[PDB]
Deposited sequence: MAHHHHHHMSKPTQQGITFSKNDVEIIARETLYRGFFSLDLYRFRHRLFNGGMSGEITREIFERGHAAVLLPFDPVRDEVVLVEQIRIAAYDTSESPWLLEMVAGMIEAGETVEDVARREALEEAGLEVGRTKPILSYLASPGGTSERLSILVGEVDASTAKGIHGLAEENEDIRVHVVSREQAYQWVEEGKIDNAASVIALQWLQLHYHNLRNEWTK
């Protein structure tokens, strides 16, 4: 099938406004966009939660078939979770001029005490594009999980199979970790082949 129909050039961003500016921002976009029938929409405004974009690293040990998780409180989880302490991937914001890989390597060191060897891209995703611009770009990073040491954060080492079963069970239920560990479950055979050669 043909896939999407329209591109950037098919929307006119008339103007942007920042309605709240603190640690994050709430922006208002005013825009017009082409319609599937050919016509052009009227002027439309949408609120957008703006918080920059992130690099994410899945630390995978291909010799031990283990992953390294970090545990810390995420108070936003409080209202819909049994606990706001979450098991997560290493992550950090990308500043202007920084690359995904540099941030991912940095955060693996200063968030989990991990020296990373090789990396490979997983996927880059929009966390929730109906209301936030945030994009997160995930890499898998080669680590020795037996060295894992390590904002109040606890470092966990668990088997790939246990981590994935925790996704299935709902014990790991944040998008970055779910996406990364599902990807790992689909690709770990080839990754272990590539990184143990």
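Residues of the deposited sequence missing from the coordinate set occupy positions 1-13, 164-171.
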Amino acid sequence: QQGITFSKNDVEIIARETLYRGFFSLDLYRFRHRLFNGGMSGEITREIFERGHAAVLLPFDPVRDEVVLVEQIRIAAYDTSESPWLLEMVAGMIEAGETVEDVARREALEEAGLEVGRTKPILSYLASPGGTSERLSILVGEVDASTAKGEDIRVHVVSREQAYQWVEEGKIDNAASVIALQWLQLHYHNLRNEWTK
From here on, numbers count along this sequence of modelled residues.
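The term rigid core refers to the maximal set of C-alpha atoms that superpose within 1.5 Å between the two forms.
The segment moving more, judged by mean Cα distance from this form in 8 other deposited structures of this protein after a core overlay, is 31-39 among 31-39 and 134-142. Annotation for 100-108 versus 81-89: the higher mean temperature factor (C-alpha) is found in 100-108. In this entry, 36-44 shows the higher mean Cα temperature factor of the pair 141-149 and 36-44. Remark: of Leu114, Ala127, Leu123, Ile75, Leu114 shows the highest value [criterion: C-alpha B-factor in the PDB entry].
The PDB entry assigns the greatest CA B-factor among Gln182, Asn9, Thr18, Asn174 to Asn9. For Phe49, the recorded CA B-factor ranks within the lowest third of the chain. Only modelled residues enter the ranking.
In the PDB entry, a CA B factor belonging to the middle third of its chain's modelled residues is recorded for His156. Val178: CA B factor lies in the lowest third for its chain, per the PDB record.
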